[PDB]
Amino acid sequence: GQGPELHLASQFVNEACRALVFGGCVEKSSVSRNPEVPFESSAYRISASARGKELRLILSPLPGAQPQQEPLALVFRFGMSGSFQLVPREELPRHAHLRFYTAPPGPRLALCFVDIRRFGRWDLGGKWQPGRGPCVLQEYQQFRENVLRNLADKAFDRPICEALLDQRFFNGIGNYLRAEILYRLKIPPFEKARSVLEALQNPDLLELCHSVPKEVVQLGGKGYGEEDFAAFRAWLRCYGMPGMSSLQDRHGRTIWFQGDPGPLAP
């Protein structure tokens, strides 16, 4: 997932879990190299928030719950294929790598972090990743200022299409988003980032870093629901669209665009 997917995932967890009580342990799959979640309570609620490309689950025991302990926070990064599902306890999907089980009684459900490729990671501790910039979705003015106020930084030496993936400044922006954002302003992807952003001292390039992902959020769903996917493929104008160019950036990631590749092309 990118910003939209992480945000929609957070809304999914909060709606799904609003009226559920969890109890017992936090089960990890045998295959997962992420840490055991050292947490057990007779009764806890789960809530989520997203910030950029990270999602924070908070495990909050009910007053009286045993053992007495304080809330525990986990941050997830999804990598290529992470997601959350609320499933029947005895019908876990494949690659359900972390599972929270609803308490005795009630219909026995499991909230599962599902990650086919296992590129996703989780950390004990609620801290956002130090060095990630503010969320392009929920912290727009802070994100905007964090870029224009630090254009001297060497990150802006790189092609704009590469800078847009630097989560220190574009926390939430990933591959389809950079293609879709640049196509809307017909900016060559290998224009120098500083050159494009100097200008901004018309929805402009930093506004699109906010408004474009917000469009994806308003599409809704996307595993949070199959025509959900069709609605997305329809929304796309550039990424993987017939008649568009593609190149490799210097980290081997495919940028989609129309026309002028731009000066710093390989």
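The first residue of the shown sequence is 1; numbering continues from there.
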| request: Look at the stretch from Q68 to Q69 and count the residues of the deposited sequence that the entry does not model, then pick none, 1 to 3, 4 to 9, or 10 or more. | output: none
| note | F39 to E40: deposited residues not modelled, binned count -> none
| field | Mean temperature factor over C-alpha atoms, higher-scoring stretch between 251-259 and 11-19 | value | 251-259
| said: So, looking at the entry's B-factor column for Cα atoms, which has the higher mean, 103-111 or 72-80? | reply: 103-111
| field | Candidate residues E54, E207, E27, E227, the one whose C-alpha B factor the record puts highest | value | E227
| message | In terms of recorded Cα temperature factor, pick the maximum from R144, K186, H95, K127. | response | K186
| Which third of the chain does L59 land in by C-alpha B-factor: lowest, middle or highest? | middle
| query | Split the chain's modelled residues into thirds by Cα B-factor; is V196 in the lowest, middle or highest one? | reply | highest
| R158: which third of its chain by C-alpha temperature factor? | highest
| said: Going by the CA temperature factor in the PDB record, which third of the chain does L177 belong to: lowest, middle or highest? | reply: middle
| message | Where does the C-alpha B-factor of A152 rank in its chain, lowest, middle or highest third? | response | highest
